[PDB]
Amino acid sequence: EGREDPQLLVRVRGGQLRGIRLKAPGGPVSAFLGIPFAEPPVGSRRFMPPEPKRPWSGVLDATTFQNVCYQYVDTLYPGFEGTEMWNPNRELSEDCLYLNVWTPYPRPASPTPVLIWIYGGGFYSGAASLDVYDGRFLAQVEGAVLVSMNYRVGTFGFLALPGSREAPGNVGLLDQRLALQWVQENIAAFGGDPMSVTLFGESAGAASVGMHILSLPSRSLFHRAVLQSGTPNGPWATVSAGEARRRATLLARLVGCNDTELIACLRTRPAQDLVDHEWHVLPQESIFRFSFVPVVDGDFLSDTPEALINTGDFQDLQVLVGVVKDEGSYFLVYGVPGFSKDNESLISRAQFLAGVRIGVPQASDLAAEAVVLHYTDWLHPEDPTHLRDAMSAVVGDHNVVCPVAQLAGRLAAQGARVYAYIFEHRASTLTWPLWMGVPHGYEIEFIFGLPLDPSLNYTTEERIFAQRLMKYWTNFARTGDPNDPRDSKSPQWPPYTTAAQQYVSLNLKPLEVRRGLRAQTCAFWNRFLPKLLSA
Amino acid sequence: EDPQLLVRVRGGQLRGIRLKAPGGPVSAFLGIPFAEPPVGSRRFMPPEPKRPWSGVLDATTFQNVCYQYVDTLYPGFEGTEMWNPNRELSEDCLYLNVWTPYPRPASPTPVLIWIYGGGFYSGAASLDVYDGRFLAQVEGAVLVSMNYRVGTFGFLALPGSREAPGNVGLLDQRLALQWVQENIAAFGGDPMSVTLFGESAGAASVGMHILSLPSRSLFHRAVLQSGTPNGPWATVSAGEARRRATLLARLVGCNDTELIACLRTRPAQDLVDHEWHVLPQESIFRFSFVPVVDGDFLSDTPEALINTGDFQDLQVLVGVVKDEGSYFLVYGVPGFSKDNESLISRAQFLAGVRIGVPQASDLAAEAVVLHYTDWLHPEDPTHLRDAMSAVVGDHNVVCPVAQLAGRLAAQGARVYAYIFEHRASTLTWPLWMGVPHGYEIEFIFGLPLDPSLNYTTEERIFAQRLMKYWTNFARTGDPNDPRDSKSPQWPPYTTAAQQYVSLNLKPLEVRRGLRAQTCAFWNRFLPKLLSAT
Ligand SMILES: CCN(CC)CCNS(=O)(=O)Cc1ccc(C)cc1
Ligand SMILES: CCN(CC)CCNS(=O)(=O)Cc1ccc(C)cc1
Ligand SMILES: *[C@@H]1O[C@H](CO)[C@@H](O)[C@H](O)[C@H]1NC(C)=O
Ligand SMILES: *[C@@H]1O[C@H](CO)[C@@H](O)[C@H](O)[C@H]1NC(C)=O
Ligand SMILES: *[C@@H]1O[C@H](CO)[C@@H](O)[C@H](O)[C@H]1NC(C)=O
């Protein structure tokens with residue numbers, strides 16, 4: 001050093017870092033990218049719990065994003081920004097345990113509340129380096145210290161032979177946990193406040209956040225949580241020990257492989273071979289189901305999330321949860337016959353019934369009948385536009401809306417301060433067709449403030465709307481309350497309660513308070529369907 | 001001797017009476033025997049045609065009411081007593097009544113035949129609410145009503161036995177229908193234009209005449225008010241009728257021939273005393289002795305018959321009142337009473353569901369609770385109370401009606417549907433019960449035309465409107481008034497559009513979907529659930 005920028009030199013537990021001064025529309029921000037927090041989980045370390053990164057010598061260059069965790073890459077619509085925006089934007093490697101810090105420039109002199117982002121992607125994909133997760137805007141406009149980590153996905157992160165020493169399960173969640181510990185120890189060096197840490201995440205990221213709430217060793221590592229369109233409870237976010245074991249051994253067979261021997265053989269397989277067979281282990285033809293996800297191990301998760309949220313005391317927990325208007329639409333083009341992004345996807349009654357079997361793969365013929373009958377419009381039972389929309393609702397309700405409603409209800413009944421929202425604005429920049437509405441994932445670019453980038457062609461009102469959302473999120477992180485104190489003009493966001501069930505609509509219009517989060521329909525999914533399946 | 005009041009029928013001569021209606025005189029011929037008295041060894045037996053008589057038979061007064069249970073829940077209370085027998089009880093009760101214009105119609109006049117309800121355990125054609133004088137005076141109708149045996153006397157069955165075949169109360173109805181065919185022209189009636197109408201069990205009877213071949217030659221059109229042959233209460237299987245008949249016999253100290261012989265020695269009231277004790281569950285909207293699927297009068301279950309039926313040349317008017325279930329709640333469901341607002345707890349709602357849906361398994365009862373609960377206010381006692389009423393109304397009447405209408409329309413029938421939503425200003429039941437089961441009848445029969453009953457002028461005009469709909473339907477198969485252009489028109493019910501109309505003080509409003517979502521639950525989902533327990 002000596003001729004470098006003295007404002008970008010920082011020491012952490014493992015050694016010295018040099019970050020980079022980024023340009024944001026409002027001014028500069030500090031970025032420290034590709035900071036290693038674990039020893040590379042490769043070779044004999046594949047499927048193993050991560051170990052803390054061993055100290056390095058000299059100045060680690062922290063000016064670029066590091067490798068993305070080895071993962072399936074989406075092929076359905078090549079070159080289409082709608083899918084490609086979620087695809088890896090750095091080299092795929094098993095050496096991928098790195099994290100990223102964004103702060104104001106110069107760095108804050110007083111301890112600043114920290115936001116930690118956990119990406120989604122069904123636990124089979126994702127990366128902290130995607131453009132939609134750019135932390136520079138929150139850092140610049142709101143003064144946030146923002147952290148995001150890579151964690152192992154797919155087999156690498158979640159293949160488990162429960163009870164074994166060599167593949168104990170949930171190691172991708174342990175990657176996340178190790179990053180949270182890194183923040184506690186080191187974030188003060190960047191001006192961050194380890195006594196004020198808020199997790200947020202979307203989809204599998206949301207489910208991860210929920211699991212950290214439900215896992216005791218994680219509870220000492222953060223203070224507040226935001227769950228966007230995902231939950232630990234529900235049909236996709238976990239598997240039993242038996243089911244993880246069965247999937248792990250099937251995959252082993254499919255790539256040509258006593259747990260020790262089975263795992264030793266798997267560890268000799270090229271990463272890509274595992275990826276190429278990952279989807280073949282699902283027990284049924286299905287959408288919104290992922291082969292390798294957290295396992296109920298009786299360790300990280302001491303019981304099912306269902307049982308844990310039913311018996312947990314969440315007195316000192318503040319939580320923000322919500323959904324987008326059309327959670328299920330995105331998933332339909334990946335498996336339900338009759339659906340495509342390139343046409344209006346009007347479907348027949350027969351295609352609806354078939355689509356229900358795929359969207360609710362665990363349903364008996366009778367439960368499937370219950371779903372079809374509940375979602376049918378009996379005034380227009382053959383109308384193809386309603387059927388298409390009902391198929392979307394089936395998938396979004398089963399997988400996201402009702403699990404969320406269930407989570408908010410249990411958390412609120414048991415001490416938590418809960419705030420709930422529905423996100424209803426469709427980006428003017430959206431490349432998916434109109435019938436898909438506001439699809440899964442499409443609130444993220446607003447929370448992170450992408451509309452502030454002039455090159456992205458968002459409207460003026462969308463720019464203002466993004467600033468509103470950044471305020472809610474950052475005020476929640478700061479105070480546990482999305483409302484602003486210096487502002488009694490704007491309508492207030494009341495907490496979700498069991499008695500009144502209030503949530504707010506997020507759109508271009510000022511906040512509107514609504515009541516009941518699909519109450520009738522979620523009673524069907526959350527109270528009735530389980531009884532029917534268990535008989 | 002007024003010759004307008006003297007009629008010769010096949011059995012002999014009758015003398016009727018000239019009554020006063022507010023607008024003019026009418027000719028009434030009351031208590032005409034259409035069958036040999038079903039007494040002694042004829043108890044439980046099919047009716048036989050009345051034998052001829054000498055001289056002039058006095059037909060100026062109502063005959064005895066068929067032996068039946070008499071309600072005692074609210075002694076002296078107008079709301080219940082209005083359904084109670086208003087003449088002496090007797091097993092000698094097979095008589096009919098005819099009202100016509102005075103003087104007797106100059107040309108063959110369309111006939112309306114009323115079949116009273118009362119759950120097949122009660123009822124009488126002599127009730128004030130079934131007074132045919134208004135329809136005859138104002139619309140010029142020829143109106144006919146008959147007594148038919150009810151309870152054990154009409155429906156106790158040992159299926160396959162010669163001495164208690166079942167369905168004899170239905171056979172009483174049919175014999176009266178034959179009597180109309182053979183005799184009504186002497187009163188100025190047109191035997192080639194006969195419309196049946198009936199409410200509750202009467203509506204269900206009408207439906208059974210539709211589904212029974214020998215009846216089909218005796219009428220041309222049908223009106224079913226708040227009742228259907230299909231559904232959970234109107235019929236029993238042969239096994240279950242046999243079970244009930246033998247249990248009742250056992251209860252009164254009684255091989256089929258021997259068993260029925262002993263039952264025939266028992267005084268009528270002894271049978272009535274134990275009538276209710278044979279129901280398999282504590283329940284409401286369930287009756288002990290009802291039509292039986294015998295493979296004779298009913299060749300299969302009504303549901304099977306409506307599904308396969310060809311109903312091309314049939315015209316049918318069907319409908320329900322706004323609060324079908326409320327009347328039944330006070331007869332067994334804890335928490336309910338006419339003398340308070342009947343606000344109930346959640347536990348009372350679950351308990352009430354088991355009583356109102358007595359055949360439901362735990363899971364099926366659970367499904368009913370979750371469907372009807374308002375999950376925004378799961379413990380609001382006002383909603384729970386109104387939900388309880390809706391469960392009973394939907395299960396027993398509304399959804400069976402919607403099912404019947406849909407099957408009939410799909411299979412060629414001309415169908416008109418209504419919901420009756422007007423609560424009479426004179427109603428003596430409390431407000432929470434809304435428009436209860438049975439409370440459209442007094443309007444259809446034109447009772448608000450009686451100045452001494454104190455209906456509002458609006459209600460008087462409303463009554464005349466309904467009398468027009470009903471008699472226009474009888475005349476033409478279409479309730480719309482030809483002298484009236486756009487009113488708007490009452491459209492036929494179809495499976496596609498599902499149109500029905502609201503009957504109230506406001507002009508007709510056309511609606512689509514008769515509890516469509518909820519009836520899918522009852523009509524499509526629940527049976528599958530139970531057929532898997
Ligand atoms: C939009 C949000 N996510 C990331 C958070 C993007 C994509 N992943 S997804 O799980 O949402 C849908 C999906 C499912 C199955 C396959 C094969 C492909 C895509
Ligand atoms: C309201 C109309 N009906 C006649 C058409 C009057 C009563 N009969 S009912 O079946 O409607 C209700 C009922 C049921 C069971 C008991 C013991 C008492 C009353
Ligand atoms: C939409 O596209 C899919 C896939 O090409 C196809 O199966 C479906 O038939 C299409 N719908 C229509 C009506 O064009
Ligand atoms: C928006 O700006 C212009 C169109 O006016 C175009 O050149 C550019 O590609 C657009 N930006 C994006 C990313 O859509
Ligand atoms: C209404 O009356 C019945 C019987 O008289 C009683 O059981 C019920 O508790 C009453 N409802 C009230 C006042 O809550």
# chains A, B, ... in the order shown; residues from 1 in each chain; ligands from 1
>>> closest_atom_pairs(of="chain A", to="ligand 1", cutoff="7 Å", atoms="only C-alpha atoms and all ligand atoms", output="JSON lines")
{"residue": "A:74", "atom": "CA", "partner": "ligand 1", "partner_atom_place_in_ligand_line": "18 (C)", "distance": 6.1}
{"residue": "A:86", "atom": "CA", "partner": "ligand 1", "partner_atom_place_in_ligand_line": "6 (C)", "distance": 5.4}
{"residue": "A:119", "atom": "CA", "partner": "ligand 1", "partner_atom_place_in_ligand_line": "5 (C)", "distance": 6.3}
{"residue": "A:120", "atom": "CA", "partner": "ligand 1", "partner_atom_place_in_ligand_line": "5 (C)", "distance": 3.9}
{"residue": "A:121", "atom": "CA", "partner": "ligand 1", "partner_atom_place_in_ligand_line": "4 (C)", "distance": 3.8}
{"residue": "A:122", "atom": "CA", "partner": "ligand 1", "partner_atom_place_in_ligand_line": "10 (O)", "distance": 4.5}
{"residue": "A:126", "atom": "CA", "partner": "ligand 1", "partner_atom_place_in_ligand_line": "4 (C)", "distance": 6.4}
{"residue": "A:202", "atom": "CA", "partner": "ligand 1", "partner_atom_place_in_ligand_line": "5 (C)", "distance": 6.3}
{"residue": "A:203", "atom": "CA", "partner": "ligand 1", "partner_atom_place_in_ligand_line": "5 (C)", "distance": 5.7}
{"residue": "A:287", "atom": "CA", "partner": "ligand 1", "partner_atom_place_in_ligand_line": "15 (C)", "distance": 6.7}
{"residue": "A:288", "atom": "CA", "partner": "ligand 1", "partner_atom_place_in_ligand_line": "14 (C)", "distance": 5.9}
{"residue": "A:330", "atom": "CA", "partner": "ligand 1", "partner_atom_place_in_ligand_line": "12 (C)", "distance": 6.4}
{"residue": "A:331", "atom": "CA", "partner": "ligand 1", "partner_atom_place_in_ligand_line": "12 (C)", "distance": 5.5}
{"residue": "A:334", "atom": "CA", "partner": "ligand 1", "partner_atom_place_in_ligand_line": "16 (C)", "distance": 6.1}
{"residue": "A:440", "atom": "CA", "partner": "ligand 1", "partner_atom_place_in_ligand_line": "1 (C)", "distance": 5.1}
{"residue": "A:441", "atom": "CA", "partner": "ligand 1", "partner_atom_place_in_ligand_line": "1 (C)", "distance": 4.3}
>>> write_last_selection(atoms="N, CA and C atoms", output="PDB file, in the first residue's frame")
ATOM      1  N   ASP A  74     -30.141 -23.113 -16.143  1.00  0.00           N
ATOM      2  CA  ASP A  74     -31.427 -23.171 -16.844  1.00  0.00           C
ATOM      3  C   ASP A  74     -31.326 -23.044 -18.364  1.00  0.00           C
ATOM      4  N   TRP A  86     -31.308 -14.950 -13.675  1.00  0.00           N
ATOM      5  CA  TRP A  86     -31.143 -15.801 -12.495  1.00  0.00           C
ATOM      6  C   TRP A  86     -29.959 -16.772 -12.627  1.00  0.00           C
ATOM      7  N   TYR A 119     -29.775 -15.593  -0.915  1.00  0.00           N
ATOM      8  CA  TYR A 119     -30.485 -15.792  -2.174  1.00  0.00           C
ATOM      9  C   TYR A 119     -31.333 -17.063  -2.194  1.00  0.00           C
ATOM     10  N   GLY A 120     -32.328 -17.073  -3.077  1.00  0.00           N
ATOM     11  CA  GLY A 120     -33.091 -18.278  -3.330  1.00  0.00           C
ATOM     12  C   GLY A 120     -32.687 -18.953  -4.629  1.00  0.00           C
ATOM     13  N   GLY A 121     -33.544 -19.848  -5.102  1.00  0.00           N
ATOM     14  CA  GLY A 121     -33.238 -20.678  -6.251  1.00  0.00           C
ATOM     15  C   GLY A 121     -33.460 -22.136  -5.885  1.00  0.00           C
ATOM     16  N   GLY A 122     -34.488 -22.382  -5.069  1.00  0.00           N
ATOM     17  CA  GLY A 122     -34.949 -23.725  -4.769  1.00  0.00           C
ATOM     18  C   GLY A 122     -33.900 -24.640  -4.156  1.00  0.00           C
ATOM     19  N   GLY A 126     -28.513 -20.401  -7.592  1.00  0.00           N
ATOM     20  CA  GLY A 126     -28.438 -19.070  -7.005  1.00  0.00           C
ATOM     21  C   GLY A 126     -27.005 -18.614  -6.798  1.00  0.00           C
ATOM     22  N   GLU A 202     -35.314 -14.464  -0.224  1.00  0.00           N
ATOM     23  CA  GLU A 202     -36.504 -14.705  -1.022  1.00  0.00           C
ATOM     24  C   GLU A 202     -36.511 -16.165  -1.453  1.00  0.00           C
ATOM     25  N   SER A 203     -37.698 -16.776  -1.508  1.00  0.00           N
ATOM     26  CA  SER A 203     -37.842 -18.183  -1.912  1.00  0.00           C
ATOM     27  C   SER A 203     -37.067 -19.153  -0.979  1.00  0.00           C
ATOM     28  N   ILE A 287     -43.779 -29.855 -10.359  1.00  0.00           N
ATOM     29  CA  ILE A 287     -43.178 -28.530 -10.364  1.00  0.00           C
ATOM     30  C   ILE A 287     -43.128 -28.008  -8.926  1.00  0.00           C
ATOM     31  N   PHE A 288     -42.234 -27.052  -8.674  1.00  0.00           N
ATOM     32  CA  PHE A 288     -42.001 -26.503  -7.334  1.00  0.00           C
ATOM     33  C   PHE A 288     -41.549 -27.606  -6.353  1.00  0.00           C
ATOM     34  N   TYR A 330     -44.703 -18.593 -12.796  1.00  0.00           N
ATOM     35  CA  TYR A 330     -43.362 -18.905 -13.293  1.00  0.00           C
ATOM     36  C   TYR A 330     -43.144 -20.415 -13.447  1.00  0.00           C
ATOM     37  N   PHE A 331     -43.646 -21.175 -12.483  1.00  0.00           N
ATOM     38  CA  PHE A 331     -43.394 -22.619 -12.413  1.00  0.00           C
ATOM     39  C   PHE A 331     -44.124 -23.444 -13.459  1.00  0.00           C
ATOM     40  N   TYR A 334     -42.465 -24.788 -16.685  1.00  0.00           N
ATOM     41  CA  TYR A 334     -41.411 -25.785 -16.512  1.00  0.00           C
ATOM     42  C   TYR A 334     -41.921 -27.211 -16.375  1.00  0.00           C
ATOM     43  N   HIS A 440     -43.134 -14.887  -9.210  1.00  0.00           N
ATOM     44  CA  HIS A 440     -42.142 -15.229  -8.191  1.00  0.00           C
ATOM     45  C   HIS A 440     -40.779 -14.578  -8.471  1.00  0.00           C
ATOM     46  N   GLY A 441     -40.264 -13.809  -7.512  1.00  0.00           N
ATOM     47  CA  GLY A 441     -38.934 -13.231  -7.643  1.00  0.00           C
ATOM     48  C   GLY A 441     -38.920 -11.777  -8.073  1.00  0.00           C
TER      49      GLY A 441
END
>>> residues_near_ligand(ligand="ligand 4", cutoff="7 Å", atoms="only C-alpha atoms and all ligand atoms", output="PyMOL selection string")
chain A and resi 429+455-457
>>> residues_near_ligand(ligand="ligand 3", cutoff="6 Å", atoms="only C-alpha atoms and all ligand atoms", output="PyMOL selection string")
chain A and resi 337-340+343+345-346
>>> write_last_selection(atoms="C-alpha atoms", output="PDB file, in the first residue's frame")
ATOM      1  CA  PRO A 337     -48.571 -29.204 -20.539  1.00  0.00           C
ATOM      2  CA  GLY A 338     -50.406 -26.320 -22.228  1.00  0.00           C
ATOM      3  CA  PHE A 339     -48.237 -23.627 -20.631  1.00  0.00           C
ATOM      4  CA  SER A 340     -45.649 -21.450 -22.374  1.00  0.00           C
ATOM      5  CA  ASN A 343     -48.560 -17.886 -25.943  1.00  0.00           C
ATOM      6  CA  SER A 345     -51.569 -20.494 -22.257  1.00  0.00           C
ATOM      7  CA  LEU A 346     -55.356 -20.931 -22.290  1.00  0.00           C
TER       8      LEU A 346
END
>>> interface_residues(of="chain B", to="chain A", cutoff="7 Å", atoms="only C-alpha atoms", output="ChimeraX atom specification")
/B:367,370,375-376,513,516-517,525
>>> residues_around(residues="residue 76 (chain A)", least_positions_apart="4", cutoff="12 Å", atoms="only C-alpha atoms", output="PyMOL selection string")
chain A and resi 72+80-84+87+330-331+333-335+340-342
>>> write_last_selection(atoms="N, CA, C and O atoms", output="CSV table (one decimal), in the first residue's frame")
chain,number,residue,atom,x,y,z
A,72,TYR,N,-26.9,-26.6,-11.5
A,72,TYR,CA,-27.7,-26.7,-12.7
A,72,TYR,C,-27.9,-25.3,-13.3
A,72,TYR,O,-28.1,-24.4,-12.6
A,80,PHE,N,-33.0,-15.4,-23.2
A,80,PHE,CA,-34.1,-14.7,-22.7
A,80,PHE,C,-33.8,-14.1,-21.3
A,80,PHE,O,-33.4,-14.9,-20.4
A,81,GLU,N,-33.8,-12.8,-21.2
A,81,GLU,CA,-33.4,-12.2,-19.9
A,81,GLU,C,-34.2,-12.6,-18.7
A,81,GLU,O,-33.7,-12.6,-17.6
A,82,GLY,N,-35.5,-13.0,-19.0
A,82,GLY,CA,-36.3,-13.4,-17.9
A,82,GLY,C,-35.8,-14.6,-17.1
A,82,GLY,O,-35.9,-14.6,-15.9
A,83,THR,N,-35.1,-15.6,-17.8
A,83,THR,CA,-34.4,-16.7,-17.2
A,83,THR,C,-33.0,-16.4,-16.9
A,83,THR,O,-32.4,-16.8,-15.9
A,84,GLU,N,-32.3,-15.7,-17.8
A,84,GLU,CA,-30.8,-15.6,-17.7
A,84,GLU,C,-30.4,-14.7,-16.5
A,84,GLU,O,-29.4,-15.0,-15.9
A,87,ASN,N,-29.4,-16.9,-13.8
A,87,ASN,CA,-28.3,-17.8,-14.1
A,87,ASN,C,-27.0,-17.4,-13.6
A,87,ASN,O,-26.7,-16.2,-13.4
A,330,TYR,N,-44.7,-18.6,-12.8
A,330,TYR,CA,-43.4,-18.9,-13.3
A,330,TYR,C,-43.1,-20.4,-13.4
A,330,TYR,O,-42.5,-20.9,-14.4
A,331,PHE,N,-43.6,-21.2,-12.5
A,331,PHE,CA,-43.4,-22.6,-12.4
A,331,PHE,C,-44.1,-23.4,-13.5
A,331,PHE,O,-43.7,-24.6,-13.8
A,333,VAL,N,-44.6,-23.1,-16.7
A,333,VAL,CA,-43.9,-23.3,-18.0
A,333,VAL,C,-42.8,-24.3,-17.9
A,333,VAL,O,-42.2,-24.7,-18.9
A,334,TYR,N,-42.5,-24.8,-16.7
A,334,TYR,CA,-41.4,-25.8,-16.5
A,334,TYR,C,-41.9,-27.2,-16.4
A,334,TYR,O,-41.2,-28.1,-16.0
A,335,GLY,N,-43.2,-27.4,-16.7
A,335,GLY,CA,-43.7,-28.8,-16.6
A,335,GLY,C,-45.2,-29.1,-16.9
A,335,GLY,O,-45.5,-30.2,-17.2
A,340,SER,N,-46.8,-22.0,-21.7
A,340,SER,CA,-45.6,-21.5,-22.4
A,340,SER,C,-45.6,-19.9,-22.2
A,340,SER,O,-46.6,-19.3,-22.0
A,341,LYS,N,-44.4,-19.4,-22.1
A,341,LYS,CA,-44.3,-17.9,-22.0
A,341,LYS,C,-44.6,-17.3,-23.3
A,341,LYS,O,-44.9,-16.1,-23.4
A,342,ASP,N,-44.6,-18.0,-24.4
A,342,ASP,CA,-44.8,-17.5,-25.8
A,342,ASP,C,-46.2,-17.5,-26.3
A,342,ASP,O,-46.4,-17.1,-27.5
>>> residues_near_ligand(ligand="ligand 5", cutoff="12 Å", atoms="only C-alpha atoms and all ligand atoms", output="list in words")
residues 73, 74, 329, 330, 331, 332, 333, 334, 335, 336, 337, 338, 339, 340, 341, 342, 343, 344, 345, 348, 381, 382, 385, 430 and 432 of chain B
>>> select_by_dssp(residues="region 301-382 of chain B", states="strand (DSSP E or B)", output="count of residues only")
8
>>> closest_atom_pairs(of="chain B", to="ligand 2", cutoff="8 Å", atoms="only C-alpha atoms and all ligand atoms", output="tab-separated table")
residue	atom	partner	partner_atom_place_in_ligand_line	distance
B:71	CA	ligand 2	18 (C)	6.1
B:73	CA	ligand 2	18 (C)	7.8
B:80	CA	ligand 2	6 (C)	7.1
B:83	CA	ligand 2	6 (C)	5.3
B:84	CA	ligand 2	6 (C)	8.0
B:116	CA	ligand 2	5 (C)	6.5
B:117	CA	ligand 2	5 (C)	4.1
B:118	CA	ligand 2	4 (C)	4.0
B:119	CA	ligand 2	10 (O)	4.6
B:122	CA	ligand 2	8 (N)	7.2
B:123	CA	ligand 2	4 (C)	6.5
B:199	CA	ligand 2	5 (C)	6.3
B:200	CA	ligand 2	5 (C)	5.8
B:201	CA	ligand 2	5 (C)	7.3
B:202	CA	ligand 2	5 (C)	7.9
B:284	CA	ligand 2	15 (C)	6.8
B:285	CA	ligand 2	14 (C)	6.0
B:286	CA	ligand 2	15 (C)	7.6
B:287	CA	ligand 2	15 (C)	7.6
B:327	CA	ligand 2	12 (C)	6.3
B:328	CA	ligand 2	12 (C)	5.5
B:331	CA	ligand 2	16 (C)	6.1
B:436	CA	ligand 2	1 (C)	7.3
B:437	CA	ligand 2	1 (C)	5.1
B:438	CA	ligand 2	2 (C)	4.3
B:439	CA	ligand 2	1 (C)	7.2
>>> residues_around(residues="residue 37 (chain A)", least_positions_apart="3", cutoff="12 Å", atoms="only C-alpha atoms", output="ChimeraX atom specification")
/A:12-15,33-34,40-41,50-56,66,95-100,148-151,174-183,185-186
>>> select_by_dssp(residues="region 222-394 of chain B", states="alpha helix (DSSP H)", output="VMD selection string")
chain B and resid 238 to 251 256 to 264 268 to 272 302 to 308 326 to 329 346 to 356 362 to 372 381 to 393
>>> write_last_selection(atoms="C-alpha atoms", output="tab-separated table (two decimals), in the first residue's frame")
chain	number	residue	atom	x	y	z
B	238	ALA	CA	-85.39	-51.18	1.60
B	239	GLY	CA	-82.99	-52.40	4.28
B	240	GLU	CA	-83.44	-49.26	6.36
B	241	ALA	CA	-87.25	-49.14	6.07
B	242	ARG	CA	-87.30	-52.79	7.13
B	243	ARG	CA	-85.01	-51.99	10.05
B	244	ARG	CA	-87.22	-49.10	11.21
B	245	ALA	CA	-90.50	-50.96	10.81
B	246	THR	CA	-89.20	-53.93	12.83
B	247	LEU	CA	-87.77	-51.70	15.56
B	248	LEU	CA	-91.05	-49.81	15.91
B	249	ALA	CA	-92.91	-53.12	16.06
B	250	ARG	CA	-90.52	-54.24	18.80
B	251	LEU	CA	-91.11	-50.97	20.69
B	256	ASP	CA	-93.80	-60.24	8.14
B	257	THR	CA	-97.45	-61.37	8.14
B	258	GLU	CA	-97.47	-62.00	11.90
B	259	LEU	CA	-95.57	-58.76	12.65
B	260	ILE	CA	-97.94	-56.62	10.60
B	261	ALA	CA	-100.97	-58.41	12.03
B	262	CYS	CA	-99.88	-57.41	15.55
B	263	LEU	CA	-99.17	-53.81	14.45
B	264	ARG	CA	-102.72	-53.65	13.05
B	268	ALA	CA	-102.94	-45.27	16.29
B	269	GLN	CA	-101.46	-43.09	19.05
B	270	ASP	CA	-99.29	-46.02	20.27
B	271	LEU	CA	-97.56	-46.04	16.87
B	272	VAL	CA	-97.15	-42.25	16.84
B	302	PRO	CA	-84.15	-40.94	-7.24
B	303	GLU	CA	-80.57	-39.83	-7.92
B	304	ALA	CA	-80.10	-42.78	-10.28
B	305	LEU	CA	-83.45	-42.01	-11.95
B	306	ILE	CA	-82.84	-38.29	-12.54
B	307	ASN	CA	-79.39	-39.07	-13.97
B	308	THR	CA	-80.67	-41.47	-16.62
B	326	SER	CA	-83.52	-21.99	10.38
B	327	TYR	CA	-86.87	-23.63	11.31
B	328	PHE	CA	-85.17	-26.96	12.07
B	329	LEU	CA	-82.46	-25.68	14.44
B	346	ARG	CA	-67.78	-22.61	18.06
B	347	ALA	CA	-68.20	-25.90	19.98
B	348	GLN	CA	-71.98	-25.61	19.60
B	349	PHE	CA	-71.45	-25.21	15.85
B	350	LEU	CA	-69.42	-28.45	15.59
B	351	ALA	CA	-72.00	-30.25	17.77
B	352	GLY	CA	-74.80	-28.84	15.63
B	353	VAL	CA	-73.05	-30.02	12.46
B	354	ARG	CA	-73.11	-33.63	13.72
B	355	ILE	CA	-76.87	-33.36	14.25
B	356	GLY	CA	-77.66	-31.61	10.99
B	362	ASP	CA	-65.62	-37.14	11.57
B	363	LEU	CA	-63.67	-36.06	8.48
B	364	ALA	CA	-66.81	-35.19	6.53
B	365	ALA	CA	-68.11	-33.16	9.48
B	366	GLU	CA	-64.71	-31.48	9.67
B	367	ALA	CA	-64.96	-30.59	5.96
B	368	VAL	CA	-68.37	-29.02	6.57
B	369	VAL	CA	-67.06	-26.94	9.48
B	370	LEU	CA	-64.03	-25.60	7.60
B	371	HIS	CA	-66.10	-24.78	4.51
B	372	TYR	CA	-68.72	-22.83	6.46
B	381	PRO	CA	-71.57	-16.16	17.17
B	382	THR	CA	-73.82	-14.34	14.67
B	383	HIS	CA	-71.96	-15.87	11.74
B	384	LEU	CA	-71.79	-19.28	13.43
B	385	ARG	CA	-75.55	-19.20	14.01
B	386	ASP	CA	-76.23	-18.19	10.38
B	387	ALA	CA	-73.70	-20.80	9.21
B	388	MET	CA	-75.54	-23.48	11.17
B	389	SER	CA	-78.78	-22.48	9.43
B	390	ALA	CA	-77.05	-22.49	6.02
B	391	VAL	CA	-75.54	-25.96	6.59
B	392	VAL	CA	-78.99	-27.40	7.24
B	393	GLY	CA	-80.67	-25.46	4.45
>>> residues_around(residues="residue 348 (chain A)", least_positions_apart="6", cutoff="10 Å", atoms="only C-alpha atoms", output="PyMOL selection string")
chain A and resi 338+354+381-388
